[PDB]
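Worksheet: one structure, shown below.
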Amino acid sequence: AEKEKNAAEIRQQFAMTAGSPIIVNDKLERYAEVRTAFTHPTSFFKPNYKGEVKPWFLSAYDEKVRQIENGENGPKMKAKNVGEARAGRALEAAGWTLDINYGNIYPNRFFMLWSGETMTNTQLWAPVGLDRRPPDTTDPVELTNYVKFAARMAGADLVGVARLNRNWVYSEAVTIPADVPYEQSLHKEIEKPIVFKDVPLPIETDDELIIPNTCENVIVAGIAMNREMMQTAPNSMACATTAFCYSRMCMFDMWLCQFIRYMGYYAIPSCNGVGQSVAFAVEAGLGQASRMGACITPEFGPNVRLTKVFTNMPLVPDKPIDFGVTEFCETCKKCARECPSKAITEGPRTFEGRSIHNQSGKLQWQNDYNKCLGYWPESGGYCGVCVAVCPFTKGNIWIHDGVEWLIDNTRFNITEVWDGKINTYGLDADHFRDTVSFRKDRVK
Amino acid sequence: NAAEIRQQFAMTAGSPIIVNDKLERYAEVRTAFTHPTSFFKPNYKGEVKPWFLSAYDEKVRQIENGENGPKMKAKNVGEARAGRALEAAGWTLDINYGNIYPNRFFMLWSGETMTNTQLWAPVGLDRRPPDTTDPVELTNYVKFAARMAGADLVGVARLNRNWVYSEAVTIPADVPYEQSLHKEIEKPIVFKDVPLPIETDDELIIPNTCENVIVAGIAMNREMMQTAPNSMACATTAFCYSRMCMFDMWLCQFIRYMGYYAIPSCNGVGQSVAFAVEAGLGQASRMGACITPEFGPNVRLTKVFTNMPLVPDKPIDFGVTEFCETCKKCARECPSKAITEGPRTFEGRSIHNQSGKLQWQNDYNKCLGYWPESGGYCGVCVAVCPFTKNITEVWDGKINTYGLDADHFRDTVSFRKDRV
Ligand SMILES: Oc1cccc(Br)c1
Ligand SMILES: Oc1cccc(Br)c1
Ligand SMILES: Oc1cccc(Br)c1
Ligand SMILES: Oc1cccc(Br)c1
Ligand code: SF4
Ligand code: SF4
Ligand code: SF4
Ligand code: SF4
């Protein structure tokens, strides 16, 4: 008889001993956020379908407009009609409602405030004094259980804790000056150093974003995307599940930072800013890094978004997990073969960055992310084909042989999506039991 | 199968709310939360304050005394603190307990000034005429979007203006948040022949073309509500209010980007229970709540008003009225004796009730009086209701994303056949 799937048992079987799994060498240095393909001058500008050179997202806009007018849901993908094409882009656009400029990357701006003091919720609750009263709990075991329970309330499908490895914190963030209003933000972006100093609280000066030396821990959350929608990549419905999950990320950060603050600690939100989420997720045990460059989780494969919160709250670090992803990616290469831009390498991992967009000095598969971004204006979306085709994105990968869990080696249209299965937040009740949590799952 | 149950209990079309000739639209300031006769309550020291400040004083007293609720010892002070920290954090995306001020803060009646609208402006989705006017296809699209936006239940009704507040509680537009509670005002909500929802110095104006209301149910966590009137019931209440706010904003933006207008509301604009009953989410009950088949009354409500053409859902009758006629459990367990044990009438018990509709008449000033005494939002009635079926064990026990329960989550799966 088939053994009932047990996601907790799977995670226990593949748990590692303590220690960051990322292999580094001496040339590793912290990475300036401006170097990402989204922001760097060498990659920021892309032609639209008329050959006009524009900021990449404006060229992508031109393609969305063209597709709606032509009744298409993606590149050379006809929709049922113009109304369906329109609906997919309306859903995508709406999904981003709680996200600033595609990722919330500006630290201590807008939703990503490093202090709760000015928030309407903090002001309303000020008479109770929860943000002023010293912590009543300092035991890391109890704090880990409390904060993980809160994380699940706040919309995380996965949550893990690691010691903060500063190698993955950006050396300088992309941000805007404090007096710049939103409508000028994309014109007034600047770099600002992120530094660690002996100070009591996270603070921003004119010159620096200062994280306290007491900022010991990072809490990493996984926000599950919708499988049916992502499997339409590179078309519009994959864009929509991406977009909605960015707003879920923002809610998570704000909810959890407020909880931590009301417990008597400080908390720094981040979403896509501050540091490299995949590295934190690997160190916090959510999953393993992969050929495509994403964190692959046992529950969702790479079809999951990441956000993280930094804190001085005492916590128990989770153990890394090794469920064989590295060895599978070594012989799989499906994402590399299916990538429409040939951005993903078919070669071995190296320590040497492929271009300015990669951080050298850590052993990883080196992908050309300027090629990736170049496909987004061409397709009018955020692609995602690599996530969509990855065997680990399939819901059907885990089997039990009578002794232990293992990966099934056999694993290696949009109208129907609109007319088909959906549930709250795009979660899937056929698999939602996999993320149930009791105290034993939160702290050991 | 929940889809089969709901089809089995579908009624013929027609509002199931019985009214008479005396029914008039209700001024929002009359609720116990806001009315001057109910607003001020003593704290445990005998100091008269705004009721929520007196309740704050009780939360502080409980933390210092290591309690999770009235006469309910916590495991230790740390556990007491954690429950209140979770409650306070849950409210992060909600203004002044319910987002009631229309066209303020998160509840904007136009998307034009939102950061997301400005970012997306070159696509022109909010300025392009609708490409779909077919109510069937629109109902399927908007219900799919509603589920993406966090609704566990969604229904559509024609807008019955009897349940829209005659006058809203709001603040002047240029008043900063810091002075909001001190400068609340009343403002009429009126329906006129105008293209778009609009606010003047004198009126909140809803277009006469605003045909429909979309009602969402946002499920609370059962284990946490079972701790009522203690702190963890407060926490699941609070988190769902922030879920409500995000739902309203997400769905309003979707509707706007489809070429229509959309008015969010959360706890403002009109009476959610009446809308939910007319939209088929559930039936009204003795306690006054909308009882749903999936969650009983343990579900929060929000709603969005729109001119988007839609197919109204049918009201449902699964026997709630006949059950509450004999049950009376909420009324016997209510710590304030707010809930009547008598029959339904058309006559309100006090200013806080809207007369003219056949309902169980409850004393809602008695209910609110228990909140400063208990330091929370009670909820004992929701907790004890048959349809709904210690704190250390809750913190150490089962949880899942947003507090949803995988044992039951299949019941809210949705395919096109059950959307339209
Ligand atoms: O960080 C991301 C992911 C997907 C789309 C966009 Br724009 C930004
Ligand atoms: O009306 C008031 C006075 C003081 C604090 C708060 Br919160 C509200
Ligand atoms: O509408 C509500 C519900 C619960 C608490 C408070 Br304050 C307001
Ligand atoms: O930098 C720009 C210019 C015009 C529109 C948008 Br969105 C961004
Ligand atoms: S598609 Fe294959 S090679 Fe690529 S990330 Fe997934 S398992 Fe690894
Ligand atoms: S998102 Fe698309 S273009 Fe980018 S790496 Fe993945 S498959 Fe290639
Ligand atoms: S919330 Fe509590 S006091 Fe209010 S009606 Fe329900 S049981 Fe009674
Ligand atoms: S407890 Fe009984 S009388 Fe009260 S609302 Fe529930 S079913 Fe009705």
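The way I read the labels, and the way they are meant: chains A, B, ... in the order of the structure tokens, residue 1 as the first residue of every chain, and ligand 1 as the first ligand shown, with later ones counted on from there.
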Self-check item: Close residues, residue 52 of chain B itself excluded, 9 Å, only C-alpha atoms, min 2 positions apart in chain, as a VMD selection string
Solution: chain B and resid 33 39 to 41 49 to 50 54 to 57 371 to 372 375
Practice problem: Write down as a PyMOL selection string the residues of segment 19-198 of chain A whose backbone DSSP state falls under helix (DSSP H, G or I). | Solution: chain A and resi 33-35+41-44+56-69+82-95+120-128+140-153+166-168+182-187
Quiz prompt | For residue 364 of chain A: contacts at 9 Å, only C-alpha atoms, fewer than 5 positions along chain excluded, given as a count of residues only | solution = 12
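Checking B:406, B:316, B:23, B:233 one by one against ligand 7, counting only C-alpha atoms and all ligand atoms, you find the shortest gap at B:233.
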Practice problem: Name the residues of segment 15-78 of chain B that fall into strand (DSSP E or B) according to DSSP on the backbone, using the chain letters and numbers of this document, as JSON, numbers by chain. | Solution: {"B": [19, 40, 41, 42, 48, 49, 50, 67, 68, 69, 72, 73]}
